[PDB]
Number of protein chains: 2
Amino acid sequence: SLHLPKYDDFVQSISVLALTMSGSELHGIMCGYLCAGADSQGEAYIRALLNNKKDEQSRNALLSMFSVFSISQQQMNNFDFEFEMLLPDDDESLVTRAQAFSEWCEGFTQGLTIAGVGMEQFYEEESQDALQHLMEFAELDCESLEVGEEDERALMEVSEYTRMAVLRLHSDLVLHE
Amino acid sequence: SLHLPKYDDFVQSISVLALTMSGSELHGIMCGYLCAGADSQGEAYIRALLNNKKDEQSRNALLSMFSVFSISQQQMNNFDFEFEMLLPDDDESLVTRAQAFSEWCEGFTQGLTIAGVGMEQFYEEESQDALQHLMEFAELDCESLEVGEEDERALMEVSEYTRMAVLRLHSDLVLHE
Ligand code: NA
Ligand code: NA
């Protein structure tokens with residue numbers, strides 16, 4: 001097996017960068033590049049987040065983002081390894097987890113786009129349907145969600161749907177053209 | 001990078017088993033099992049090919065078959081590795097190489113069938129069309145093939161179509177269960 005780091009470890013490891021987005025959004029962005037097979041472009045994007053800074057903290061942040069990118073690259077490209085979305089732990093609040101899920105999708109869709117992939121690049125119709133749903137998940141209002149069984153289940157379902165959809169989109173893009 | 005052994009070396013390595021089929025057909029079978037996710041079942045098949053012999057030469061034949069099965073498993077499951085079909089080298093006759101391609105396809109479609117995969121197990125229409133083409137390639141007249149560039153590029157094109165198709169078939173099966 002091969003697993004992403006704990007969510008809060010990752011978040012702490014990039015805190016010094018004072019980024020404008022969540023760990024989850026950032027991971028969604030990485031996975032957008034990787035889904036499109038724009039691996040080298042993803043790496044360049046991560047480098048760019050340092051804005052040329054060269055101190056040891058910034059450097060350690062870079063190494064951590066690269067470790068995550070490489071784990072994701074392997075999970076997305078090897079059927080022997082389960083693909084994971086970097087999201088807060090299950091004991092966080094429903095509202096925290098739902099916002100992070102939405103930001104994950106926003107990052108992923110933006111990543112795809114910046115990597116030159118939209119609706120027309122997909123061979124399968126299942127993929128286009130899925131991209132559209134991810135675009136809706138990205139626009140999701142986390143405050144409507146209500147604590148209890150129903151919405152926990154709802155979040156769990158859309159989260160698992162998104163996880164698989166990313167893998168199917170990736171196969172579509174990679175095995176055509 | 002990770003590559004299959006040379007056709008000749010593999011064929012020599014299994015000659016002691018006196019198999020009824022060619023190296024290419026056997027590799028097709030292996031890939032049928034792998035495409036279906038029936039890895040353990042394929043392994044038991046390969047082991048049963050020794051018909052319980054335990055002598056050194058038979059055991060080395062088995063090691064060779066397992067090495068090929070494992071290389072294939074990795075190529076089919078890791079997008080970072082190129083998938084290969086085990087086919088005779090270019091030097092050999094056009095008829096001979098067309099024959100081996102056909103036997104590869106026959107082996108492949110038999111492997112799928114044995115592992116419980118036919119038309120209805122595939123989610124995408126494209127996969128179904130591809131399987132149908134592969135069944136036709138298995139029943140292909142190799143004598144008609146005229147030594148020349150037209151039929152040489154004809155063979156190359158269905159060979160490459162088959163190579164890519166196998167990967168798309170696999171992704172269809174794994175990503176819908
Ligand atoms: Na995987
Ligand atoms: Na591969």
Side-chain angles (χ1 to χ4, degrees), chain A residues 1-5 27-28 30-40 42 67-87 104 108 111-112 123-124 126-127 130 134 159-177, chain B residues 1-5 27-39 42 66-87 104-105 108 111-112 123-124 126-127 130 134 159-177:
Chain A
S1 49
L2 180 81
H3 304 309
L4 283 174
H27 189 239
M30 289 179 185
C31 289
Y33 286 106
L34 289 168
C35 187
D39 292 27
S40 297
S67 172
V68 167
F69 191 76
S70 164
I71 294 171
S72 298
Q73 189 175 30
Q74 285 175 253
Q75 293 183 350
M76 210 182 283
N77 285 293
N78 191 334
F79 284 140
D80 283 346
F81 296 136
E82 296 299 309
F83 182 59
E84 291 177 280
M85 296 156 65
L86 192 55
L87 299 164
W104 194 100
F108 176 82
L112 278 184
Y123 179 105
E124 303 146 26
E126 153 195 278
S127 298
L134 302 197
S159 295
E160 174 60 14
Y161 176 82
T162 292
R163 191 189 70 80
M164 198 71 32
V166 164
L167 294 173
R168 292 173 180 127
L169 267 40
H170 181 54
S171 270
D172 188 326
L173 293 173
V174 157
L175 305 174
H176 293 94
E177 245 73 293
Chain B
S1 189
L2 184 64
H3 297 287
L4 287 173
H27 189 241
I29 291 173
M30 286 185 186
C31 292
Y33 282 109
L34 290 168
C35 187
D39 297 40
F66 282 155
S67 154
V68 169
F69 191 75
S70 167
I71 289 159
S72 292
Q73 190 176 38
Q74 282 189 264
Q75 296 185 343
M76 205 183 299
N77 283 291
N78 194 332
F79 282 144
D80 289 340
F81 296 149
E82 290 302 293
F83 179 60
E84 296 175 277
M85 293 152 68
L86 198 28
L87 303 167
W104 200 94
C105 291
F108 179 74
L112 281 179
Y123 183 98
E124 245 262 45
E126 161 202 275
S127 293
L134 257 56
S159 294
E160 182 50 20
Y161 175 84
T162 299
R163 201 187 67 72
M164 282 301 327
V166 169
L167 292 179
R168 287 194 290 279
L169 271 39
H170 181 55
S171 192
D172 185 326
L173 300 167
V174 158
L175 298 182
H176 304 84
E177 249 103 36

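Labels below follow one simple rule: chain letters A, B, ... track the order of the sequence lines, proteins then strands, and each chain is numbered from 1. Counting convention: from 1, in listed order, for ligands and their atoms alike.
A/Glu124 meets the side-chain hydrogen bond (donor to acceptor under 3.5 Å, both in side chains) test with no other residue; sequence neighbours excluded.
Because the distance cut-off is set at 3.0 Å, A/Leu167 fails to qualify as a neighbour of the Na ion (ligand 1), as none of its N, O or S atoms comes that close. Because the distance cut-off is set at 3.0 Å, B/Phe79 fails to qualify as a neighbour of the Na ion (ligand 2), as none of its N, O or S atoms comes that close.
Rounded to 10°, the angle formed at the Na ion (ligand 1) by O of A/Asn78 and O of A/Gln75 is 100°.
Residues A/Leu175 and B/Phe79 meet the side-chain proximity criterion, which asks for heavy atoms closer than 4.5 Å.
For the atom pair CZ of B/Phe81 and CE of B/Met76, the computed distance is 14.0 Å after rounding to the nearest 0.5 Å. To the nearest 0.5 Å, atom OG of residue B/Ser159 and atom CE of residue B/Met164 are 14.0 Å apart.
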